[PDB]
Structures are given as structure tokens and as C-alpha cells.
Amino acid sequence: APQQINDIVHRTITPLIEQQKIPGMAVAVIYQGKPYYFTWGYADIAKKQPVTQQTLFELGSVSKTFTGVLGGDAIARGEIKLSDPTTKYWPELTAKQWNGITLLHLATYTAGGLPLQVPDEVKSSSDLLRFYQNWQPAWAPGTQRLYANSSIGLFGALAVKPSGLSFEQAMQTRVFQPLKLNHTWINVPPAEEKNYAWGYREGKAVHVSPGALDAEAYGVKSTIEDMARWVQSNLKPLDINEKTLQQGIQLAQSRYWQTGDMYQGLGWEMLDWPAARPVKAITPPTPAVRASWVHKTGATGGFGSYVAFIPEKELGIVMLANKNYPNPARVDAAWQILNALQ
């Protein structure tokens, strides 16, 4: 790799790994459309397995960018519309609070305060229906943003109903395969277990536990190579052959709401380049802006991830670690690296 990239990355990440006591890490920098990989440490401390370009990390909430793009693809296929009421896809949602709550609200966390997590008690299909029927919003839809897994998670489950495919099957078929993300999974197959890093929480090895709507909100596991590919796809959707996927990617980066300096897309969040929050509606949504800092932070009990890219510079970065460490430290490192190469 160019010495400039090699230098800025190592000088930035080595100290980071030291200060945060991160067991293992993988980083990919996309510079002018080409990826450069870097790895440090262990994927498995006890078995002394090193982190490699083939190691699988839990992406946590970064998984929402996939859900957002799959949703955008379904819109491009004409299978759903973001302006559609939630009940059009789940007739059983008869409780009055759902009137006026659309797929856009679910996808962008503006439904009126859906909770961050789906309760652990919710297992079956009926348990989930009950959870949403009994939920009482604190606000009218489209007025406040409250980041939530139960919100985008529902959007994901409903967005694939018309296709008749399960969520995982729709993701594999419409997103993973076409983009050649052959090492990205919702459920890690026994064949890939040798590459599945352990997460570490308080020194204990851990893997994300199963939960309702986990696939849609925080369940994708991927390698640094596939994530770099995911970033290249999102940097240049126009280079994607599948028409609906190309549009779906563009749709996920459109600006639907503004809260301060941040704009909410579908999964992705953006800021111009270079916690209940009231939001201003962008009417109509602004189509993906090239001069943006597009990003998403993610975590699980044992992992921490970050993705950020700047379309107009053909520049991007992906950071995957098997320790959930402070978001500001992630963003700080990412900014040092991209600013330097910017």
C-alpha cells in the first residue's frame, strides 16, 4: 500500500488498540476506489487465532445499512412505498396509535418513540404483534427521532413481505450475492466458524445472543474484505449492474430528516462534507449528496464497528474490532485517517 496510507493508519490505530485494550482489529481504507487492508491482534485469544482478512466480526448496528439498502431495493422493485401505512403490510396492527405511522417513520426512527430494544420476552410472531399493539407513542409520528432497533427492525420485516422471501433469503439473494459479499452472513454457517472471531466483554469471550428482529437490526457478521466491498458499492452505486440495487443504494443515502448537523437516511446517517431529538422533515427528501460524510457506528456486547465514506472523494474506511469501545474514539481515528488522505 502507498506509504502515506500505511503510515497514517498504523500511527493512528496502534495507539488506539493500546489505549482501548482491543484484542483484535481489522481496518480497510478505500483510497481512490481501491481497498487496502490492515489487521492486528487476535480473533480468538485462548486459541491464539490471529485476525485476518477472512475473520468474521459482528457488525452490530452497522447491519442497519444493509436493511436500509434492502428496503430501498424493494422500493425500486415497486414492492413497497415509504409513504405506505404500516398496516398495509401488517393488517393485524389495528391499535389506533398506528394510524398515520408509515414505513418511512419506522425506517428513520421517527414513529413516535418506539423502544431501543425489543423486550427479551418477545419470541413468537404473536408475542411481537402484542408488543407493537400495546406500545404507546409519546409523540406524534414524524416529530422526534429516537434511535431504535424495534423501529428499523420492523421496517425490515415488513419491507420483505411482498417478496414472500424470509428476511435472510431476501438479503442473500438481493444484496449479498449481487455484490459478491460471499463472506457476509446473518447466520454464520458451520463452515465459517473457524473464522468467526470471539467478542470480548470484561475479558469474557462472547457472541451476540439471538433475539426478535435481530437479523434486521444488528445481526450481520462480515469480513473486512466484504465490508470494503460494501463501502465501494455505496461510494459508487452507478457501477452496480442490478438496476434496483443501484437505486436502493441511492435511496438509502437520501436525506429524509435533519437533526442539528446530521441527516437521517435509511440506515446510513450523513453530514455535509467537510437521546430524543426533534427533527425537521426534508420535503421532499434530498437525493444522495456526494459531498457528504456518510457513516454508521455499530456494536454488540463484544464488538465495535464503524464505517464512514465520502462519495465526492472516492474515500472510505471500515473499522472492525472484537471489543465494544467508545464511539468517539472510533470516529476520532476515522477522521484522522480520512482527513489525512482527504
# chains A, B, ... in the order shown; residues from 1 in each chain; ligands from 1

call {"tool": "residues_around", "arguments": {"residues": "residue 133 of chain A", "least_positions_apart": "4", "cutoff": "8 Å", "atoms": "only C-alpha atoms", "output": "PyMOL selection string"}}
result
chain A and resi 93-95+129

call {"tool": "select_by_dssp", "arguments": {"residues": "segment 54-246 of chain A", "states": "strand (DSSP E or B)", "output": "number ranges by chain"}}
result
A: 56-58, 85, 102, 144-145, 185, 196, 199-201, 204-206, 221-222

call {"tool": "select_by_dssp", "arguments": {"residues": "segment 82-328 of chain A", "states": "helix (DSSP H, G or I)", "output": "PyMOL selection string"}}
result
chain A and resi 86-88+96-98+103-107+125-134+149-159+167-179+190-195+214-218+224-235+237-239+243-252+311-313+327-328

call {"tool": "write_last_selection", "arguments": {"atoms": "C-alpha atoms", "output": "compact mmCIF listing (two decimals), in the first residue's frame"}}
result
# COMPACT_ATOMS: atom_id res chain seq x y z
CA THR A 86 -47.57 0.25 8.33
CA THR A 87 -50.93 -1.55 8.48
CA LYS A 88 -50.94 -2.12 4.70
CA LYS A 96 -55.34 3.29 16.85
CA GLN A 97 -51.86 4.67 17.53
CA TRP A 98 -50.69 3.08 14.26
CA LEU A 103 -42.79 2.74 6.60
CA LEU A 104 -40.67 5.90 6.34
CA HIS A 105 -41.24 6.55 10.08
CA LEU A 106 -40.20 3.05 11.01
CA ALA A 107 -37.10 3.18 8.80
CA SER A 125 -44.88 -13.93 15.94
CA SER A 126 -47.86 -13.32 18.25
CA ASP A 127 -45.58 -12.03 21.04
CA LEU A 128 -44.21 -9.48 18.61
CA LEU A 129 -47.67 -8.44 17.36
CA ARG A 130 -48.64 -7.93 21.01
CA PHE A 131 -45.53 -5.82 21.69
CA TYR A 132 -46.33 -3.39 18.85
CA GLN A 133 -50.10 -3.28 19.55
CA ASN A 134 -49.51 -2.39 23.21
CA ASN A 149 -33.93 -1.43 16.94
CA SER A 150 -37.70 -2.07 17.25
CA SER A 151 -38.30 0.65 14.67
CA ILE A 152 -35.92 -0.15 11.79
CA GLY A 153 -36.27 -3.82 12.74
CA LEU A 154 -40.00 -3.74 11.97
CA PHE A 155 -39.32 -1.84 8.73
CA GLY A 156 -37.04 -4.67 7.68
CA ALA A 157 -39.52 -7.45 8.43
CA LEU A 158 -42.38 -5.66 6.64
CA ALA A 159 -40.37 -4.47 3.66
CA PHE A 167 -35.55 -11.60 5.55
CA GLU A 168 -32.31 -13.60 5.34
CA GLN A 169 -33.20 -15.09 1.94
CA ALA A 170 -34.07 -11.66 0.56
CA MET A 171 -30.82 -10.17 1.88
CA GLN A 172 -28.69 -13.02 0.45
CA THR A 173 -30.50 -13.02 -2.90
CA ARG A 174 -30.94 -9.29 -3.45
CA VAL A 175 -27.93 -7.76 -1.70
CA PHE A 176 -25.13 -10.18 -0.68
CA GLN A 177 -24.96 -12.29 -3.89
CA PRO A 178 -25.22 -9.42 -6.43
CA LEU A 179 -22.46 -7.53 -4.62
CA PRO A 190 -20.57 -24.23 10.46
CA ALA A 191 -18.04 -23.97 7.60
CA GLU A 192 -17.14 -20.39 8.59
CA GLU A 193 -16.88 -20.94 12.31
CA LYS A 194 -13.09 -21.24 12.17
CA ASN A 195 -13.09 -17.59 11.01
CA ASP A 214 -32.07 -9.45 15.39
CA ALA A 215 -31.42 -10.18 11.70
CA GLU A 216 -32.91 -6.80 10.71
CA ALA A 217 -31.29 -4.56 13.32
CA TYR A 218 -27.92 -5.97 14.44
CA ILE A 224 -13.02 -6.73 6.36
CA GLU A 225 -12.83 -7.61 2.65
CA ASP A 226 -16.60 -7.84 2.19
CA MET A 227 -17.12 -4.64 4.20
CA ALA A 228 -14.64 -2.84 1.94
CA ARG A 229 -16.72 -4.11 -0.96
CA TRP A 230 -19.88 -2.89 0.76
CA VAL A 231 -18.21 0.53 1.07
CA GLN A 232 -17.11 0.59 -2.59
CA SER A 233 -20.70 -0.26 -3.63
CA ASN A 234 -22.05 2.58 -1.55
CA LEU A 235 -19.42 5.03 -2.83
CA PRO A 237 -23.74 2.79 -6.84
CA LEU A 238 -23.69 3.67 -10.54
CA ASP A 239 -21.15 0.89 -11.07
CA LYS A 243 -30.78 -1.65 -11.50
CA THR A 244 -32.97 -1.96 -8.39
CA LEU A 245 -29.98 -2.48 -6.10
CA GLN A 246 -28.32 0.58 -7.63
CA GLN A 247 -31.43 2.65 -6.85
CA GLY A 248 -31.88 1.04 -3.44
CA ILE A 249 -28.38 2.20 -2.51
CA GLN A 250 -29.13 5.70 -3.74
CA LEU A 251 -32.37 5.74 -1.77
CA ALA A 252 -30.68 4.68 1.48
CA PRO A 311 -18.56 9.93 -2.17
CA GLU A 312 -17.04 13.00 -3.82
CA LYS A 313 -13.54 11.87 -2.76
CA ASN A 327 -17.75 5.67 19.69
CA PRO A 328 -15.86 8.99 19.95

call {"tool": "residues_around", "arguments": {"residues": "residue 161 of chain A", "least_positions_apart": "5", "cutoff": "9 Å", "atoms": "only C-alpha atoms", "output": "ChimeraX atom specification"}}
result
/A:79,89,166-167

call {"tool": "residues_around", "arguments": {"residues": "residue 204 of chain A", "least_positions_apart": "4", "cutoff": "9 Å", "atoms": "only C-alpha atoms", "output": "list in words"}}
result
residues 199, 200 and 302 of chain A

call {"tool": "write_last_selection", "arguments": {"atoms": "N, CA and C atoms", "output": "CSV table (one decimal), in the first residue's frame"}}
result
chain,number,residue,atom,x,y,z
A,199,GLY,N,-16.0,-12.2,20.6
A,199,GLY,CA,-16.1,-10.8,21.0
A,199,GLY,C,-15.6,-10.8,22.5
A,200,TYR,N,-15.1,-9.7,23.0
A,200,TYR,CA,-14.7,-9.8,24.4
A,200,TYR,C,-15.4,-8.6,25.2
A,302,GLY,N,-19.8,-7.7,22.5
A,302,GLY,CA,-18.4,-7.9,22.4
A,302,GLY,C,-17.7,-7.3,21.2

call {"tool": "residues_around", "arguments": {"residues": "segment 289-294 of chain A", "least_positions_apart": "2", "cutoff": "9 Å", "atoms": "only C-alpha atoms", "output": "PyMOL selection string"}}
result
chain A and resi 235+253-255+268-274+286-287+296+307-313

call {"tool": "closest_residue", "arguments": {"among": "A:336, A:55, A:68, A:261", "to": "residue 11 of chain A", "atoms": "only C-alpha atoms"}}
result
A:336

call {"tool": "atom_distance", "arguments": {"atom1": "atom CA of residue 164 of chain A", "atom2": "atom CA of residue 76 of chain A"}}
result
16.3 Å

call {"tool": "atom_distance", "arguments": {"atom1": "atom CA of residue 9 of chain A", "atom2": "atom CA of residue 317 of chain A"}}
result
10.3 Å

call {"tool": "closest_residue", "arguments": {"among": "A:333, A:111, A:318, A:69", "to": "residue 99 of chain A", "atoms": "only C-alpha atoms"}}
result
A:111

call {"tool": "closest_residue", "arguments": {"among": "A:64, A:183, A:48, A:21", "to": "residue 213 of chain A", "atoms": "only C-alpha atoms"}}
result
A:64

call {"tool": "atom_distance", "arguments": {"atom1": "atom CA of residue 120 of chain A", "atom2": "atom CA of residue 135 of chain A"}}
result
15.2 Å

call {"tool": "residues_around", "arguments": {"residues": "residue 221 of chain A", "least_positions_apart": "3", "cutoff": "12 Å", "atoms": "only C-alpha atoms", "output": "count of residues only"}}
result
44

call {"tool": "decode", "arguments": {"residues": "segment 76-112 of chain A", "atoms": "N, CA and C atoms", "output": "compact mmCIF listing (two decimals), in the first residue's frame"}}
result
# COMPACT_ATOMS: atom_id res chain seq x y z
N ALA A 76 -37.45 0.17 -5.11
CA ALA A 76 -37.09 0.26 -6.52
C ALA A 76 -37.82 -0.82 -7.33
N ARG A 77 -38.12 -1.95 -6.70
CA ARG A 77 -38.82 -3.05 -7.35
C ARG A 77 -40.33 -2.77 -7.39
N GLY A 78 -40.75 -1.70 -6.73
CA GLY A 78 -42.16 -1.35 -6.69
C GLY A 78 -42.95 -2.26 -5.76
N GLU A 79 -42.28 -2.95 -4.85
CA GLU A 79 -42.95 -3.85 -3.92
C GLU A 79 -43.53 -3.12 -2.71
N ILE A 80 -42.97 -1.97 -2.38
CA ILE A 80 -43.45 -1.17 -1.25
C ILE A 80 -43.21 0.29 -1.58
N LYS A 81 -43.77 1.18 -0.77
CA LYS A 81 -43.59 2.63 -0.91
C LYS A 81 -43.35 3.11 0.52
N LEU A 82 -42.45 4.07 0.70
CA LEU A 82 -42.17 4.56 2.05
C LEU A 82 -43.36 5.35 2.62
N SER A 83 -44.22 5.82 1.73
CA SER A 83 -45.41 6.56 2.14
C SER A 83 -46.55 5.63 2.54
N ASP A 84 -46.35 4.32 2.42
CA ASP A 84 -47.39 3.37 2.78
C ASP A 84 -47.60 3.21 4.29
N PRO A 85 -48.86 3.13 4.72
CA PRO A 85 -49.08 2.96 6.16
C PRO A 85 -48.58 1.60 6.58
N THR A 86 -48.09 1.51 7.81
CA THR A 86 -47.57 0.25 8.33
C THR A 86 -48.59 -0.88 8.29
N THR A 87 -49.86 -0.54 8.48
CA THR A 87 -50.93 -1.55 8.48
C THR A 87 -51.16 -2.22 7.11
N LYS A 88 -50.78 -1.55 6.03
CA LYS A 88 -50.94 -2.12 4.70
C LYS A 88 -50.16 -3.44 4.58
N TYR A 89 -49.12 -3.59 5.40
CA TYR A 89 -48.29 -4.80 5.39
C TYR A 89 -48.46 -5.65 6.64
N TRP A 90 -49.23 -5.15 7.59
CA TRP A 90 -49.50 -5.90 8.81
C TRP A 90 -50.89 -5.50 9.27
N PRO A 91 -51.93 -6.01 8.57
CA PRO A 91 -53.34 -5.73 8.86
C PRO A 91 -53.71 -5.92 10.32
N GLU A 92 -53.05 -6.86 10.99
CA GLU A 92 -53.31 -7.15 12.40
C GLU A 92 -52.95 -5.99 13.34
N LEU A 93 -52.22 -5.00 12.85
CA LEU A 93 -51.87 -3.85 13.67
C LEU A 93 -53.08 -2.94 13.61
N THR A 94 -54.06 -3.22 14.46
CA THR A 94 -55.30 -2.46 14.48
C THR A 94 -55.36 -1.34 15.53
N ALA A 95 -54.48 -1.39 16.52
CA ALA A 95 -54.45 -0.36 17.56
C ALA A 95 -54.41 1.01 16.88
N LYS A 96 -55.21 1.94 17.40
CA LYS A 96 -55.34 3.29 16.85
C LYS A 96 -54.08 4.13 16.73
N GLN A 97 -53.09 3.89 17.59
CA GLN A 97 -51.86 4.67 17.53
C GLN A 97 -51.10 4.45 16.22
N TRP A 98 -51.39 3.36 15.51
CA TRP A 98 -50.69 3.08 14.26
C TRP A 98 -51.19 3.84 13.05
N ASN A 99 -52.33 4.51 13.19
CA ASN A 99 -52.88 5.29 12.08
C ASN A 99 -51.96 6.48 11.83
N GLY A 100 -51.45 6.61 10.62
CA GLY A 100 -50.57 7.73 10.33
C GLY A 100 -49.09 7.38 10.48
N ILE A 101 -48.79 6.17 10.94
CA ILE A 101 -47.39 5.75 11.05
C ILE A 101 -47.04 4.95 9.79
N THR A 102 -46.16 5.52 8.97
CA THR A 102 -45.73 4.91 7.70
C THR A 102 -44.39 4.15 7.76
N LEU A 103 -44.05 3.48 6.66
CA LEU A 103 -42.79 2.74 6.60
C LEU A 103 -41.61 3.71 6.73
N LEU A 104 -41.75 4.92 6.21
CA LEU A 104 -40.67 5.90 6.34
C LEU A 104 -40.37 6.15 7.83
N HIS A 105 -41.42 6.30 8.65
CA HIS A 105 -41.24 6.55 10.08
C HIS A 105 -40.50 5.43 10.75
N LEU A 106 -40.85 4.20 10.41
CA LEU A 106 -40.20 3.05 11.01
C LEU A 106 -38.73 3.00 10.62
N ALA A 107 -38.46 3.22 9.35
CA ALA A 107 -37.10 3.18 8.80
C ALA A 107 -36.18 4.27 9.33
N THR A 108 -36.74 5.41 9.70
CA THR A 108 -35.94 6.53 10.16
C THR A 108 -36.06 6.89 11.65
N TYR A 109 -36.62 6.00 12.45
CA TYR A 109 -36.76 6.20 13.90
C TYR A 109 -37.67 7.36 14.33
N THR A 110 -38.61 7.74 13.48
CA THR A 110 -39.50 8.86 13.78
C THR A 110 -40.98 8.48 13.96
N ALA A 111 -41.24 7.25 14.38
CA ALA A 111 -42.60 6.75 14.55
C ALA A 111 -43.32 7.31 15.78
N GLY A 112 -42.57 7.86 16.74
CA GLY A 112 -43.22 8.40 17.92
C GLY A 112 -42.65 7.80 19.18
